[PDB]
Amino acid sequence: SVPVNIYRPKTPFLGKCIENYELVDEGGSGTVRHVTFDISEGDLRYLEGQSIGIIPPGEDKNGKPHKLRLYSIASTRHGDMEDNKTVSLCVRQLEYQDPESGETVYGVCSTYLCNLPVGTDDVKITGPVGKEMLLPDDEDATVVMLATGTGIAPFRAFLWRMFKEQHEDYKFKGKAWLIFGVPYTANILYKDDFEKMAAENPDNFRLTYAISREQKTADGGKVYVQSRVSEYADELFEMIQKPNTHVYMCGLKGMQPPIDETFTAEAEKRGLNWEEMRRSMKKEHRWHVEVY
């Protein structure tokens, strides 16, 4: 029932870019783009929380095709057009500077996607992958979603499924809480969507921001997702102690250490053992991490 590898890296589906738009508003930092593809010519089917591979064009030193890179799917199974014909991604352009030359280097695949013109054909896409970030079957589940940057992507999908679509079988009746961390208001990816869902589902959907360059801690420091987890540690632990409660974390690897440590420290403070809680959560399949 869970699709995987409908397309293999050997023979990827060839998609067409039908949209590509900037998500960071003026005054924000960096470039993150929402990139959508028509897939209606193939059998690509997918579930919310899964990922697809992209093979950027060209070759490596040995005349060899590049490795695929994985991108979390930002759309529901039906796609943003709600016609089952498309798939979308949330792509951040990777940049760094060489420590010896000083030269700026741009990630190969993220650059390819960010500069991908609308109309472009021949996009090499590989079949859906992942089971760790799926939405629970329990329609009454409490879903806690921790996100930094492009980590918002599967949660956009979740939320659209939860509050923006009507299904013939499913209907979410639980609580959903998104804690999303970004440096500036301009950098709130999909701000208008989320805020609209919040205004329309005021008792089932809670939207908490952590805006690092605009909001201050009591010590005067920058507010990060981990700062919110600390501020609301009591509430999170109360929630975690319900069996219907799932915690999801997505974004760059660097969000994990400090989040895992806040939980740990806030657990000790309360004579609880966070390794324990996490173990059991993992055994109950209620704790999900996709960090990259």
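Residue numbers here begin at 1 and follow the sequence given.
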Could you check which stretch, 105 to 113 or 212 to 220, carries the larger mean CA temperature factor in the entry? 212 to 220
Is the mean CA B factor in the deposited entry higher across 17 to 25 or across 265 to 273? 265 to 273
Which one of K61, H34, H246, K253 shows the biggest C-alpha B-factor in the PDB entry? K61
Please work out which residue in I240, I55, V225, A233 has the highest C-alpha B-factor recorded for this crystal structure. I240
Chain thirds of CA B-factor: placement of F180: lowest
Modelled-residue ranking by C-alpha temperature factor, third containing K124: middle
Using only modelled residues of the chain, where does the Cα B factor of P65 rank: lowest third, middle third or highest third? highest
Chain-relative C-alpha B factor for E100 (record values, thirds): the lowest
Check where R92 lands among this chain's C-alpha B-factors and tell me if it's the lowest, middle or highest third. lowest
